[PDB]
$ cat run-v1.cif   # mmCIF, C-alpha atoms
data_query
loop_
_atom_site.group_PDB
_atom_site.id
_atom_site.type_symbol
_atom_site.label_atom_id
_atom_site.label_comp_id
_atom_site.auth_asym_id
_atom_site.auth_seq_id
_atom_site.Cartn_x
_atom_site.Cartn_y
_atom_site.Cartn_z
ATOM 1 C CA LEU A 356 119.860 76.122 52.874
ATOM 2 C CA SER A 357 118.266 79.425 51.843
ATOM 3 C CA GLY A 358 117.163 82.205 54.197
ATOM 4 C CA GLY A 359 113.470 82.363 53.308
ATOM 5 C CA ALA A 360 112.923 78.612 53.555
ATOM 6 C CA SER A 361 114.431 78.737 57.046
ATOM 7 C CA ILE A 362 111.939 81.449 58.000
ATOM 8 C CA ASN A 363 109.128 79.017 57.219
ATOM 9 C CA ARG A 364 110.899 76.591 59.587
ATOM 10 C CA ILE A 365 111.109 79.315 62.232
ATOM 11 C CA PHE A 366 107.402 80.117 61.980
ATOM 12 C CA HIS A 367 105.971 76.628 61.644
ATOM 13 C CA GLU A 368 108.482 74.397 63.391
ATOM 14 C CA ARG A 369 110.557 76.376 65.872
ATOM 15 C CA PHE A 370 107.907 78.678 67.352
ATOM 16 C CA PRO A 371 105.499 75.783 68.093
ATOM 17 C CA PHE A 372 108.323 73.786 69.694
ATOM 18 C CA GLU A 373 109.621 76.670 71.795
ATOM 19 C CA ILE A 374 106.065 76.959 73.131
ATOM 20 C CA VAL A 375 105.700 73.242 73.882
ATOM 21 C CA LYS A 376 109.012 73.347 75.785
ATOM 22 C CA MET A 377 107.826 75.631 78.633
ATOM 23 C CA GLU A 378 106.743 73.085 81.254
ATOM 24 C CA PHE A 379 103.474 73.591 83.141
ATOM 25 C CA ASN A 380 104.720 71.973 86.373
ATOM 26 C CA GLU A 381 101.040 71.191 86.754
ATOM 27 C CA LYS A 382 101.112 69.825 90.304
ATOM 28 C CA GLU A 383 102.374 73.223 91.461
ATOM 29 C CA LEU A 384 99.957 74.854 88.996
ATOM 30 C CA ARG A 385 96.967 72.989 90.446
ATOM 31 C CA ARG A 386 97.980 74.284 93.888
ATOM 32 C CA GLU A 387 97.961 77.818 92.463
ATOM 33 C CA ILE A 388 94.454 77.274 91.119
ATOM 34 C CA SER A 389 93.034 75.833 94.351
ATOM 35 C CA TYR A 390 94.527 78.762 96.261
ATOM 36 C CA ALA A 391 93.025 81.054 93.632
ATOM 37 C CA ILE A 392 89.443 79.778 94.007
ATOM 38 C CA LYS A 393 89.590 80.030 97.794
ATOM 39 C CA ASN A 394 90.770 83.636 97.485
ATOM 40 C CA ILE A 395 88.008 84.886 95.163
ATOM 41 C CA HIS A 396 85.422 83.282 97.408
ATOM 42 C CA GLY A 397 87.016 84.020 100.813
ATOM 43 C CA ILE A 398 84.702 85.905 103.252
ATOM 44 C CA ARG A 399 81.904 84.687 101.019
ATOM 45 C CA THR A 400 80.878 81.046 100.813
ATOM 46 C CA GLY A 401 80.417 78.109 98.472
ATOM 47 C CA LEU A 402 78.268 77.852 95.351
ATOM 48 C CA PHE A 403 78.813 78.572 92.715
ATOM 49 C CA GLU B 454 46.721 109.893 135.701
ATOM 50 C CA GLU B 455 50.350 110.239 136.819
ATOM 51 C CA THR B 456 50.887 106.463 136.821
ATOM 52 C CA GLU B 457 49.494 106.099 133.295
ATOM 53 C CA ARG B 458 51.668 109.057 132.330
ATOM 54 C CA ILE B 459 55.005 107.698 133.588
ATOM 55 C CA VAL B 460 54.375 104.162 132.286
ATOM 56 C CA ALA B 461 53.144 105.367 128.892
ATOM 57 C CA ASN B 462 56.268 107.529 128.782
ATOM 58 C CA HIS B 463 58.578 104.580 129.515
ATOM 59 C CA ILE B 464 56.879 102.580 126.748
ATOM 60 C CA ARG B 465 57.755 105.215 124.151
ATOM 61 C CA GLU B 466 61.358 105.277 125.334
ATOM 62 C CA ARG B 467 61.517 101.493 125.045
ATOM 63 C CA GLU B 468 59.730 101.765 121.690
ATOM 64 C CA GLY B 469 62.769 103.415 120.156
ATOM 65 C CA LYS B 470 65.401 101.005 121.428
ATOM 66 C CA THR B 471 63.480 97.839 120.593
ATOM 67 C CA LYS B 472 62.675 99.007 117.038
ATOM 68 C CA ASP B 473 66.318 99.943 116.449
ATOM 69 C CA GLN B 474 67.371 96.455 117.552
ATOM 70 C CA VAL B 475 64.691 94.852 115.379
ATOM 71 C CA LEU B 476 65.907 96.755 112.306
ATOM 72 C CA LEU B 477 69.581 96.071 113.149
ATOM 73 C CA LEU B 478 68.895 92.366 113.513
ATOM 74 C CA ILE B 479 67.463 92.229 109.985
ATOM 75 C CA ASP B 480 70.316 94.395 108.642
ATOM 76 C CA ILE B 481 72.784 91.927 110.134
ATOM 77 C CA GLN B 482 71.050 89.219 108.087
ATOM 78 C CA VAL B 483 71.639 91.062 104.784
ATOM 79 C CA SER B 484 75.287 91.928 105.453
ATOM 80 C CA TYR B 485 76.466 88.316 105.357
ATOM 81 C CA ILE B 486 74.582 85.473 103.724
ATOM 82 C CA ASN B 487 75.877 82.189 105.159
ATOM 83 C CA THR B 488 75.924 79.160 102.867
ATOM 84 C CA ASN B 489 77.333 76.672 105.349
ATOM 85 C CA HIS B 490 74.044 76.354 107.231
ATOM 86 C CA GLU B 491 73.125 72.670 107.292
ATOM 87 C CA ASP B 492 69.420 73.246 106.615
ATOM 88 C CA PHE B 493 70.252 75.486 103.645
ATOM 89 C CA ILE B 494 72.347 73.472 101.274
ATOM 90 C CA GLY B 495 71.040 70.262 99.867
ATOM 91 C CA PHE B 496 73.328 71.077 96.973
ATOM 92 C CA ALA B 497 72.212 69.860 93.556
ATOM 93 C CA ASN B 498 68.703 71.258 94.033
ATOM 94 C CA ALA B 499 66.221 68.483 94.812
ATOM 95 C CA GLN B 500 67.018 64.783 95.344
ATOM 96 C CA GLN B 501 69.142 65.843 98.336
ATOM 97 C CA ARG B 502 67.115 68.543 100.071
ATOM 98 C CA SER B 503 64.898 66.830 102.652
#

$ encode --input "run-v1.cif" --output "structure tokens"
Amino acid sequence: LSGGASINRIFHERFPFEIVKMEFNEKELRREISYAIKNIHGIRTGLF
Amino acid sequence: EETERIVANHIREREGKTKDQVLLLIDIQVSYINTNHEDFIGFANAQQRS
């Protein structure tokens, strides 16, 4: 396999996949968010 | 004369302190604006406000 053809694979196959691979761990992420919204508000109240 | 004098005097002394407190009380209201008051929040505008 040639070098340049591989580069296309790097750009359009590897890079996307490397990105997809980094897990969100969303349950722990959602916690981060909820903590985040309480902290911006905090000492102020509610809406919006 | 002297009675009117002393009492009128006392009034002006009290005038200061009461006005200060009246101002301060309103200032307190601006410093924090509570949203957890039950009479305040219906929430989604009408259809929940009494």

$ closest_atom_pairs --input "run-v1.cif" --of "chain A" --to "chain B" --cutoff "9 Å" --atoms "all atoms listed in the file" --output "CSV"
residue,atom,partner,partner_atom,distance
A:398,CA,B:485,CA,8.8
A:399,CA,B:487,CA,7.7
A:400,CA,B:488,CA,5.7
A:401,CA,B:488,CA,6.4
A:402,CA,B:488,CA,8.0

$ write_last_selection --input "run-v1.cif" --atoms "C-alpha atoms" --output "mmCIF file, keeping the file's coordinate frame"
data_model
loop_
_atom_site.group_PDB
_atom_site.id
_atom_site.type_symbol
_atom_site.label_atom_id
_atom_site.label_comp_id
_atom_site.auth_asym_id
_atom_site.auth_seq_id
_atom_site.Cartn_x
_atom_site.Cartn_y
_atom_site.Cartn_z
ATOM 1 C CA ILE A 398 84.702 85.905 103.252
ATOM 2 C CA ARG A 399 81.904 84.687 101.019
ATOM 3 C CA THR A 400 80.878 81.046 100.813
ATOM 4 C CA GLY A 401 80.417 78.109 98.472
ATOM 5 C CA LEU A 402 78.268 77.852 95.351
#

$ atom_distance --input "run-v1.cif" --atom1 "atom CA of residue A:389" --atom2 "atom CA of residue A:374"
24.9 Å

$ atom_distance --input "run-v1.cif" --atom1 "atom CA of residue A:395" --atom2 "atom CA of residue B:479"
26.4 Å

$ atom_distance --input "run-v1.cif" --atom1 "atom CA of residue B:491" --atom2 "atom CA of residue B:503"
11.1 Å
